[PDB]
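What follows is a short report on a single structure.
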Amino acid sequence: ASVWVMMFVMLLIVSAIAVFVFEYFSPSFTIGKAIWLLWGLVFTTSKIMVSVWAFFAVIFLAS
Amino acid sequence: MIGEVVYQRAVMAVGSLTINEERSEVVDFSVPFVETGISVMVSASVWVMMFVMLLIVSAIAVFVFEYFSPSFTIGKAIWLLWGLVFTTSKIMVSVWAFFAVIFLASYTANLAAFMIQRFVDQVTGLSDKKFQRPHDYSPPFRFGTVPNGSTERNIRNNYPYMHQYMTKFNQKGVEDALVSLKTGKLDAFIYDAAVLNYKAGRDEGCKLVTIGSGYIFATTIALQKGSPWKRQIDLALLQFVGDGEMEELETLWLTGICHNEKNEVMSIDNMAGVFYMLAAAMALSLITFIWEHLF
Amino acid sequence: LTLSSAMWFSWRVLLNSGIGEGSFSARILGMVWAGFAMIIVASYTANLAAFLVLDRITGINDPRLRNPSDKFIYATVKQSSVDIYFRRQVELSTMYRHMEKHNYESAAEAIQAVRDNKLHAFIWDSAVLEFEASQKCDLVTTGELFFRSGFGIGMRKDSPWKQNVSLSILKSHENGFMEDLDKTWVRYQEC
Amino acid sequence: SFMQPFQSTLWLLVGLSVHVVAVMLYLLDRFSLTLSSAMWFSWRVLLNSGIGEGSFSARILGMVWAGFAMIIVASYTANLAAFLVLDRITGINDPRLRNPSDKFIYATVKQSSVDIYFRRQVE
Amino acid sequence: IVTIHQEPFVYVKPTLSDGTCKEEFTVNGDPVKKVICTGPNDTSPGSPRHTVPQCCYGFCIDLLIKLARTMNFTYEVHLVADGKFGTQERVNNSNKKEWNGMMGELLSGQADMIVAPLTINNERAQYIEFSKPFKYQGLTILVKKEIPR
Amino acid sequence: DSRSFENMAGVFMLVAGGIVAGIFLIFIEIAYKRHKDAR
Numbered sequence: 556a557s558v559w560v561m562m563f564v565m566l567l568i569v570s571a572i573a574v575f576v577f578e579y580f581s582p598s599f600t601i602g603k604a605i606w607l608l609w610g611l612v613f625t626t627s628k629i630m631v632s633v634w635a636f637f638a639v640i641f642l643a644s
Numbered sequence: 496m497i498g499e500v501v502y503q504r505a506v507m508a509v510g511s512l513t514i515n516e517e518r519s520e521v522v523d524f525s526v527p528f529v530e531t532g533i534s535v536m537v538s556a557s558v559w560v561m562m563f564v565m566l567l568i569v570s571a572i573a574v575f576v577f578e579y580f581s582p598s599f600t601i602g603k604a605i606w607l608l609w610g611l612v613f625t626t627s628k629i630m631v632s633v634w635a636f637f638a639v640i641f642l643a644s645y646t647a648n649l650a651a652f653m654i655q657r658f659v660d661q662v663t664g665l666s667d668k669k670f671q672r673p674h675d676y677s678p679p680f681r682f683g684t685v686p687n688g689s690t691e692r693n694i695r696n697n698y699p700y701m702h703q704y705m706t707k708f709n710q711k712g713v714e715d716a717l718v719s720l721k722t723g724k725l726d727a728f729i730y731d732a733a734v735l736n737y738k739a740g741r742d743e744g745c746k747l748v749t750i751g752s753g754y755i756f757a758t759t763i764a765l766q767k768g769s770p771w772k773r774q775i776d777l778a779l780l781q782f783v784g785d786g787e788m789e790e791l792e793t794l795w796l797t798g799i800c801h802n803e804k805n806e807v808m809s814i815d816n817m818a819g820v821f822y823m824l825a826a827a828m829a830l831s832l833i834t835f836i837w838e839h840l841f
Numbered sequence: 601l602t603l604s605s606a607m608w609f610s611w612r613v614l615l616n617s618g619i620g621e622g626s627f628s629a630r631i632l633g634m635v636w637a638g639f640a641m642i643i644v645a646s647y648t649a650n651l652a653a654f655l656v657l658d663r664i665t666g667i668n669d670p671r672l673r674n675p676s677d678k679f680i681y682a683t684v685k686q687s688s689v690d691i692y693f694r695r696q697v698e699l700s701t702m703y704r705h706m707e708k709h710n711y712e713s714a715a716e717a718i719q720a721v722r723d724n725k726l727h728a729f730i731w732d733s734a735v736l737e738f739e740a741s742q743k744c745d746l747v748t749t750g751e752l753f754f755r756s757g758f759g760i761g762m763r764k765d766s767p768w769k770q771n772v773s774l775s776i777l778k779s780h781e782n783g784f785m786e787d788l789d790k791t792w793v794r795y796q797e798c
Numbered sequence: 553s554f555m556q557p558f559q560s561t562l563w564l565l566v567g568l569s570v571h572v573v574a575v576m577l578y579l580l581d582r583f584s601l602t603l604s605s606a607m608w609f610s611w612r613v614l615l616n617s618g619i620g621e622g626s627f628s629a630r631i632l633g634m635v636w637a638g639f640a641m642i643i644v645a646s647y648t649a650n651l652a653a654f655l656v657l658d663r664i665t666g667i668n669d670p671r672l673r674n675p676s677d678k679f680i681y682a683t684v685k686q687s688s689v690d691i692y693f694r695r696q697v698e
Numbered sequence: 400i401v402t403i404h405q406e407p408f409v410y411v412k413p414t415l416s417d418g419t420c421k422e423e424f425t426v427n428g429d430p431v432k433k434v435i436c437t438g439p440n441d442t443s444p445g446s447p448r449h450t451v452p453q454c455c456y457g458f459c460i461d462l463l464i465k466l467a468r469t470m471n472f473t474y475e476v477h478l479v480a481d482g483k484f485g486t487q488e489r490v491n492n493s494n495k496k497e498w499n500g501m502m503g504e505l506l507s508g509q510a511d512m513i514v515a516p517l518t519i520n521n522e523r524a525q526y527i528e529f530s531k532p533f534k535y536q537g538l539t540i541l542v543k544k545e546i547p548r
Numbered sequence: 799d800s801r802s810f811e812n813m814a815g816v817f818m819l820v821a822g823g824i825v826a827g828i829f830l831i832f833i834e835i836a837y838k839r840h841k842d843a844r
């Protein structure tokens, strides 16, 4: 029950972080592509940090 | 007991008597008090199939890249095969990739069968020179007894050098042994192993391993000599054993917790495994970077 | 994207070869499907561990023996002390209609009867049994040591040489000549 | 339930091994991609984000490493199932009661028939 | 001594064509203690039982030679016709409770020593009293091993 | 009842603290790498 809400919260956090990092490559679609990447990682330097949390999601799969 | 027998203070004497051959010289005896003796208390083919099938699929990839001609099967497709252990024919390989994932699931169930179904022990017995040459091991081994024992007489018969070791450590109580095991002051203990079988089961946590999984060393009631009671005793004795009434006393007095010993495995790990396998890997580079394009 | 594309994308992602990328609503739906695929893998590999890792004769205490069936017929050899330890005690009355009605002339006949799968179990002196269990892999000695006798020597009552034999017998235990025969005749094989 | 139970030293060994991967990838470039490439490829494949693609000898070695990574995942998830799924008072039959300790003190109410069924029997 | 065909205690194996025991060796390569043992060939009733002396192997031979050393005896070693201990069983006229087998053979004078690992009897000790026993065991149970899946 | 998480909450706290430290170093490291790419 409560684990589910935590999952929704953390995925929205990382999606917003992706939006900001795509805003700070400006000094490809966070609405599009990056979210389906987030979906794939439930199951580009910040993307390294997401691969960390992808490995986390794999840990949650094992759990 | 033996003074009370010889000087006939106790005309009958029962005890938990370690009936010695020495005592049998001095005193007549009935059957052994219980079984006893001296104990020590202390705290392939799947692989070849994999190689065959991967070479098959690599050759099939070579042929399918030959029949796109109506990107490197030497290169790229093999590292793809590696990735799929862990383009229409590539759909058929994704089938066998899903197969390889099934084989991953199978040997996860297998390694679960390994890492559940460990129990280990250290001391053999007198065959250890741990006992025989304790100072030839660091730390030197730490073994004592309660003095004037028959087992001590047996080791005088065996190794009074070992008694020279024991007198560095010899005790006076069983609770002395309980402390020196639970405080590590003496390493393990050998006595009449039946007492160890009570109190080992009656240990708290039962880590104080005894004289092997009950390996009786010093293997196998006083009668004043010429007592007419002996046949009466010993025929009665068969019936007691022929009735199993000693076993009823066993149900009375024996057990603690090692009676419910429960396959004491691990419950994080530090097996070698890869510590073997790492020793391979670097030498692989030592193969290849000598084989450079010399001409 | 209408002929063989999303075929091979279903075989990409439903096989989870490519788990990530490969309008938005179909993608929502497909990543829900990939979540299902992960769940299905989790359940079947849980079954792989389960149905491999998940879920006998104890002795006289069995109702197999306390209520001895004819699906569990057992036997001995006649003229044995084994049958004496039978016929002394009381509640083997149900058992004597097995252990006196089916018996053998050698224990090897009963050993073969285990090997020929004739009778289900046998009750013999533990030494040869545990030997051959260590020697051949048809044999599990279950139960306890029943009637825990000693193994002594046929000496007449007026035979006076129990005595120095018993002194030797004592030197045997005290100096491990018992243990020497354990080296030389007992402690050999395994399964 | 917990944090990691799995021996923090082993986790440090994981970090050391990942940097060993980085070293072995970046050295063999010049012998036949040198700054932050094979860093992020070790984080691709050692995390098994991209398990497939991403000279030949370094690739042999790296796919052996990915095999290791799969083994490590298999072992620790086996421990995830294990240490969660793997390994009392039964009655009068306890030696807790047959040998009643003062770590196990028990009681009743006096003037009870409970105490009568006590005081009738022997042991 | 009459010997029940009890292996390894007495491996009763045949001799050579010489009528002699061989020179067989242990796991330690040691010349195994072998004993000429007289008794039947077709060791079953109603079969022509031919008393052949045959090679014998075991614990008890080792012990008897220990007692030849410590005790200075010779040992007259035979095979059982019955292969059996032999208990008090009734003869025809249906009352004659008589020790058979090995018990009979001592109590007939025919064996004068039983060298065998004998499970002691309160009852056998009422007639034939043991020395100190060797092994402290009991009856256990051979069970078939189940096959794999 | 019959009992049918804390590991979860520990993972929440660890991953949250790591991502916060990472993001508040992102801007600094982007600025300094713009200075280094000026080189």
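Chains as they are written, first to last, in the authors' numbering: chain Y, 556 to 582, 598 to 613, 625 to 644; chain C, 496 to 538, 556 to 582, 598 to 613, 625 to 655, 657 to 759, 763 to 809, 814 to 841; chain V, 601 to 622, 626 to 658, 663 to 798; chain U, 553 to 584, 601 to 622, 626 to 658, 663 to 698; chain B, 400 to 548; chain P, 799 to 802, 810 to 844. Beta carbons: idealized from backbone N, C-alpha and C, even for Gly.
Name the DSSP beta bridge partners of residue i, please?
i	result
residue 649 of chain U	In the DSSP output, where bridge partners are listed per residue, residue 649 of chain U has none listed.
residue 455 of chain B	B/411
residue 487 of chain B	B/498
residue 753 of chain V	B/538
residue 642 of chain Y	Bridge partners of residue 642 of chain Y: none, in fact.
residue 635 of chain U	Residue 635 of chain U is not bridged to any residue.
residue 711 of chain V	V/684
residue 765 of chain C	C/507 and C/523
residue 430 of chain B	B/424
residue 554 of chain U	Note: residue 554 of chain U sits in no beta bridge, so no partner.
residue 728 of chain C	C/536
Going by C-alpha distance, which of the options is nearest residue i?
i	options	result
residue 679 of chain U	U/612, U/666, U/564 and U/602	U/666
residue 512 of chain C	C/659, C/668, C/653 and C/528	C/528
residue 726 of chain C	C/712, C/577, C/636 and C/708	C/708
residue 507 of chain C	C/523, C/731, C/517 and C/667	C/523
residue 609 of chain Y	Y/557, Y/558, Y/581 and Y/565	Y/565
residue 655 of chain C	C/515, C/809, C/831 and C/818	C/809
residue 725 of chain V	B/542, B/489, B/435 and B/526	B/542
residue 616 of chain V	V/751, V/644 and V/677	V/644
residue 776 of chain V	B/546, B/539 and B/532	B/532
residue 582 of chain U	U/668, U/626 and U/697	U/626
residue 517 of chain C	V/789, V/782 and V/790	V/782
residue 759 of chain C	V/745, V/723, V/697 and V/785	V/785
Just the Cα atoms here: how many angstroms apart are residue i and residue j?
i	j	result
residue 498 of chain B	residue 757 of chain V	20 angstroms
residue 735 of chain V	residue 687 of chain V	15 angstroms
residue 612 of chain V	residue 826 of chain C	35 angstroms
residue 657 of chain U	residue 802 of chain P	18 angstroms
residue 429 of chain B	residue 423 of chain B	8 angstroms
On the premise that residue j lies in contact with residue i, defined as a C-beta separation below 8 angstroms, what is that separation, rounded to the nearest angstrom?
i	j	result
residue 438 of chain B	residue 478 of chain B	2 angstroms
residue 664 of chain V	residue 671 of chain V	7 angstroms
residue 681 of chain V	residue 728 of chain V	6 angstroms
residue 534 of chain C	residue 751 of chain C	7 angstroms
Within the present structure, is the beta-carbon of residue i separated from the nearest heavy atom of the ligand HEM by less than 7 angstroms?
i	result
residue 642 of chain U	For the ligand HEM, the structure offers nothing, since it holds no ligand at all.
Does the beta carbon of residue i sit closer than 8 angstroms to a beta carbon anywhere in chain A?
i	result
residue 652 of chain V	Of the chains in the structure shown, none is chain A; the protein chains are Y, C, V, U, B and P.
request  = Check whether the segment 645-653 of chain C touches the segment 644-657 of chain V, taking contact to mean three or more Cβ pairs, one atom from each stretch, closer than 8 angstroms.
outcome  = yes
request  = May I ask you to verify whether the segment 601-615 of chain U touches the segment 553-564 of chain U, counting CB pairs closer than 8 angstroms and requiring at least 3?
outcome  = no
task = Kindly confirm or deny that the segment 509-520 of chain B and the segment 456-467 of chain B touch, where touching means at least three C-beta pairs closer than 8 angstroms.
result = The segment 509-520 of chain B is in contact with the segment 456-467 of chain B.
ask   = Is it a yes or a no for the segment 728-736 of chain C touching the segment 629-638 of chain Y, going by three-plus beta-carbon pairs under 8 angstroms?
value = no
Segment contact flag, the segment 410-426 of chain B with the segment 449-458 of chain B, C-beta cutoff 8 angstroms, min 3 pairs = yes
request  = Inspect the CB distances between the segment 698-713 of chain C and the segment 674-689 of chain C and report whether three or more fall short of 8 angstroms.
outcome  = Between the segment 698-713 of chain C and the segment 674-689 of chain C there are three or more C-beta pairs closer than 8 angstroms, enough to call the two in contact.
inquiry  = Across the segment 737-752 of chain V and the segment 762-776 of chain V, are there enough close Cβ pairs to call them in contact, namely three or more that are closer than 8 angstroms?
reply    = no
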